[PDB]
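As provided, work.cif (mmCIF, N, CA, C and O atoms and all ligand atoms) reads as follows.
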data_model
#
loop_
_atom_site.label_atom_id
_atom_site.label_comp_id
_atom_site.auth_asym_id
_atom_site.auth_seq_id
_atom_site.Cartn_x
_atom_site.Cartn_y
_atom_site.Cartn_z
N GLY G 1 -19.34 19.92 -27.61
CA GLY G 1 -18.29 19.07 -27.08
C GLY G 1 -17.47 18.41 -28.16
O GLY G 1 -17.91 17.45 -28.79
N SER G 2 -16.26 18.93 -28.39
CA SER G 2 -15.38 18.39 -29.41
C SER G 2 -14.02 18.02 -28.81
O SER G 2 -13.26 18.90 -28.39
N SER G 3 -13.72 16.73 -28.78
CA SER G 3 -12.46 16.25 -28.24
C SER G 3 -12.11 16.98 -26.94
O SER G 3 -10.96 17.36 -26.72
N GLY G 4 -13.12 17.18 -26.09
CA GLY G 4 -12.90 17.86 -24.83
C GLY G 4 -11.88 17.16 -23.96
O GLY G 4 -11.04 17.81 -23.33
N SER G 5 -11.94 15.84 -23.92
CA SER G 5 -11.02 15.05 -23.11
C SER G 5 -10.36 13.96 -23.95
O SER G 5 -10.81 12.81 -23.96
N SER G 6 -9.30 14.32 -24.66
CA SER G 6 -8.58 13.38 -25.51
C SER G 6 -7.91 12.30 -24.66
O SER G 6 -8.02 11.11 -24.95
N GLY G 7 -7.20 12.72 -23.62
CA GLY G 7 -6.52 11.78 -22.75
C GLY G 7 -5.15 12.28 -22.32
O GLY G 7 -4.15 12.00 -22.98
N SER G 8 -5.11 13.01 -21.21
CA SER G 8 -3.86 13.55 -20.69
C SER G 8 -3.72 13.25 -19.20
O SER G 8 -4.47 13.78 -18.38
N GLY G 9 -2.75 12.42 -18.87
CA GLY G 9 -2.52 12.06 -17.48
C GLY G 9 -3.30 10.84 -17.05
O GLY G 9 -4.49 10.72 -17.35
N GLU G 10 -2.64 9.92 -16.35
CA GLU G 10 -3.28 8.70 -15.89
C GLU G 10 -3.38 8.68 -14.37
O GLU G 10 -2.51 9.20 -13.67
N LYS G 11 -4.44 8.07 -13.86
CA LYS G 11 -4.65 7.98 -12.42
C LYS G 11 -4.58 6.53 -11.95
O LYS G 11 -5.26 5.64 -12.47
N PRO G 12 -3.74 6.27 -10.93
CA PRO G 12 -3.56 4.93 -10.37
C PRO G 12 -4.79 4.46 -9.60
O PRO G 12 -4.90 3.28 -9.26
N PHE G 13 -5.70 5.38 -9.32
CA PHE G 13 -6.92 5.06 -8.59
C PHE G 13 -8.15 5.29 -9.46
O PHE G 13 -8.30 6.34 -10.08
N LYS G 14 -9.03 4.30 -9.50
CA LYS G 14 -10.26 4.39 -10.29
C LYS G 14 -11.44 3.79 -9.53
O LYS G 14 -11.37 2.66 -9.04
N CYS G 15 -12.52 4.55 -9.44
CA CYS G 15 -13.72 4.09 -8.75
C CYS G 15 -14.46 3.05 -9.57
O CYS G 15 -15.17 3.38 -10.52
N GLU G 16 -14.29 1.78 -9.20
CA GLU G 16 -14.94 0.68 -9.91
C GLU G 16 -16.46 0.83 -9.85
O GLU G 16 -17.17 0.30 -10.71
N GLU G 17 -16.95 1.54 -8.84
CA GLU G 17 -18.38 1.75 -8.68
C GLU G 17 -18.98 2.40 -9.92
O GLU G 17 -19.97 1.91 -10.48
N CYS G 18 -18.38 3.50 -10.36
CA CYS G 18 -18.86 4.22 -11.53
C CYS G 18 -17.78 4.27 -12.62
O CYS G 18 -18.07 4.11 -13.80
N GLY G 19 -16.54 4.48 -12.19
CA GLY G 19 -15.44 4.54 -13.14
C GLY G 19 -14.62 5.81 -12.98
O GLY G 19 -13.83 6.16 -13.87
N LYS G 20 -14.80 6.49 -11.86
CA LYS G 20 -14.07 7.73 -11.59
C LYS G 20 -12.57 7.46 -11.47
O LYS G 20 -12.12 6.32 -11.61
N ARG G 21 -11.81 8.51 -11.20
CA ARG G 21 -10.36 8.39 -11.05
C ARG G 21 -9.83 9.40 -10.05
O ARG G 21 -10.44 10.44 -9.82
N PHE G 22 -8.68 9.09 -9.46
CA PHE G 22 -8.06 9.98 -8.48
C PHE G 22 -6.55 9.75 -8.41
O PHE G 22 -6.06 8.66 -8.71
N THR G 23 -5.82 10.79 -8.02
CA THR G 23 -4.37 10.71 -7.92
C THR G 23 -3.95 10.04 -6.61
O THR G 23 -2.78 9.69 -6.43
N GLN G 24 -4.90 9.87 -5.71
CA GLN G 24 -4.63 9.24 -4.42
C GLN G 24 -5.82 8.40 -3.96
O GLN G 24 -6.96 8.65 -4.35
N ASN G 25 -5.54 7.40 -3.13
CA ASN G 25 -6.58 6.51 -2.62
C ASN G 25 -7.56 7.28 -1.74
O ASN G 25 -8.77 7.15 -1.88
N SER G 26 -7.02 8.08 -0.83
CA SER G 26 -7.84 8.87 0.09
C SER G 26 -8.97 9.57 -0.67
O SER G 26 -10.07 9.73 -0.15
N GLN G 27 -8.67 9.99 -1.90
CA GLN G 27 -9.66 10.68 -2.72
C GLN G 27 -10.74 9.71 -3.20
O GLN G 27 -11.93 9.94 -3.01
N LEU G 28 -10.31 8.62 -3.83
CA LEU G 28 -11.23 7.62 -4.34
C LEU G 28 -12.10 7.06 -3.22
O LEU G 28 -13.33 7.04 -3.33
N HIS G 29 -11.46 6.61 -2.15
CA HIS G 29 -12.18 6.06 -1.00
C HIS G 29 -13.12 7.10 -0.40
O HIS G 29 -14.12 6.75 0.23
N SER G 30 -12.79 8.37 -0.58
CA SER G 30 -13.60 9.46 -0.05
C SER G 30 -14.79 9.75 -0.97
O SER G 30 -15.79 10.32 -0.54
N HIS G 31 -14.66 9.35 -2.23
CA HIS G 31 -15.72 9.57 -3.21
C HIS G 31 -16.66 8.37 -3.27
O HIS G 31 -17.88 8.53 -3.36
N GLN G 32 -16.08 7.17 -3.22
CA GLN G 32 -16.87 5.95 -3.27
C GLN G 32 -18.05 6.02 -2.30
O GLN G 32 -19.07 5.37 -2.51
N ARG G 33 -17.89 6.81 -1.24
CA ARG G 33 -18.94 6.96 -0.24
C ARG G 33 -20.27 7.35 -0.90
O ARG G 33 -21.34 6.96 -0.43
N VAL G 34 -20.18 8.12 -1.98
CA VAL G 34 -21.37 8.56 -2.70
C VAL G 34 -22.20 7.38 -3.17
O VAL G 34 -23.41 7.49 -3.37
N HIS G 35 -21.54 6.23 -3.36
CA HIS G 35 -22.22 5.02 -3.80
C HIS G 35 -22.76 4.23 -2.62
O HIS G 35 -23.67 3.42 -2.76
N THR G 36 -22.19 4.48 -1.44
CA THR G 36 -22.61 3.78 -0.23
C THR G 36 -23.83 4.46 0.40
O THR G 36 -23.89 4.65 1.61
N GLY G 37 -24.80 4.82 -0.44
CA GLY G 37 -26.00 5.48 0.05
C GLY G 37 -25.69 6.65 0.95
O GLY G 37 -25.37 6.47 2.13
N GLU G 38 -25.78 7.86 0.40
CA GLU G 38 -25.51 9.07 1.17
C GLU G 38 -26.76 9.93 1.29
O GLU G 38 -26.88 10.98 0.66
N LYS G 39 -27.70 9.48 2.12
CA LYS G 39 -28.94 10.21 2.33
C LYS G 39 -29.39 10.11 3.79
O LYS G 39 -29.27 9.07 4.43
N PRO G 40 -29.91 11.22 4.32
CA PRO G 40 -30.39 11.29 5.71
C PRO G 40 -31.65 10.47 5.93
O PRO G 40 -32.67 10.70 5.28
N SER G 41 -31.58 9.52 6.85
CA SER G 41 -32.72 8.66 7.16
C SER G 41 -33.96 9.49 7.48
O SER G 41 -33.95 10.30 8.40
N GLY G 42 -35.02 9.28 6.70
CA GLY G 42 -36.25 10.02 6.92
C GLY G 42 -37.31 9.70 5.88
O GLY G 42 -37.68 10.54 5.06
N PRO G 43 -37.81 8.46 5.91
CA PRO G 43 -38.84 8.00 4.97
C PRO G 43 -40.19 8.66 5.22
O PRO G 43 -40.84 8.41 6.24
N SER G 44 -40.62 9.51 4.28
CA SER G 44 -41.89 10.21 4.41
C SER G 44 -42.29 10.84 3.08
O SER G 44 -41.46 11.43 2.38
N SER G 45 -43.57 10.72 2.73
CA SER G 45 -44.08 11.28 1.49
C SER G 45 -44.51 12.73 1.68
O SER G 45 -43.98 13.64 1.05
N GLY G 46 -45.49 12.94 2.56
CA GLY G 46 -45.98 14.28 2.81
C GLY G 46 -46.26 15.05 1.54
O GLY G 46 -47.28 15.74 1.47
ZN ZN N 1 -17.75 6.28 -8.13
#

Translate this structure into structure tokens?
Ligand SMILES: [Zn+2]
Amino acid sequence: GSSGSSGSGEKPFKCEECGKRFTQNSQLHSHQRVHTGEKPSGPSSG
């Protein structure tokens, strides 16, 4: 990995949760969900 991402293009939307970015809100708001616990209810060890 050498200067893989120097810095080209800015995004008006950034996921404060982790720090992601998007060109539109719909995208960010659609990703933030990943932080809002995205797992199927089913507590069991087995
Ligand atoms: Zn995020």

Q.
Report, in Å with one decimal, the straight-line distance from CA of residue 9 in chain G to CA of residue 35 in chain G.
A.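 One can read the CA of residue 9 in chain G to CA of residue 35 in chain G distance as 25.0 Å.
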
Q | strand (DSSP E) per DSSP on the backbone: members of chain G, as a count of residues only | A | 6

Q: Considering only N, CA, C and O atoms and all ligand atoms, state which residue in the set G:7, G:24, G:1, G:31 is at the smallest distance from ligand ZN 1 (chain N).
A: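 With only N, CA, C and O atoms and all ligand atoms as the atom set, the closest residue is G:31.
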
**Q.** Two-atom distance - atom O of residue 15 in chain G, atom O of residue 33 in chain G (Å)
**A.**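 About the pair atom O of residue 15 in chain G and atom O of residue 33 in chain G: they are 12.4 Å apart.
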
Q. Residues within 8 Å of ligand ZN 1 (chain N) (all atoms listed in the file), as a PyMOL selection string?
A. chain G and resi 14-21+28+31-35

Can you report as JSON the centre and edge lengths in Å, to one decimal, of an axis-aligned box around the listed atoms of range 10-15 of chain G padded with 6 Å on each side?
{"center_x": -8.8, "center_y": 6.3, "center_z": -12.5, "size_x": 24.7, "size_y": 19.3, "size_z": 19.8}

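One finds atom O of residue 13 in chain G at 8.3 Å from atom O of residue 25 in chain G.
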
Q: Identify, with DSSP run on backbone atoms, the residues in chain G assigned to helix (DSSP H, G or I), and express the list as a list in words.
A: residues 25, 26, 27, 28, 29, 30, 31, 32, 33, 34 and 35 of chain G
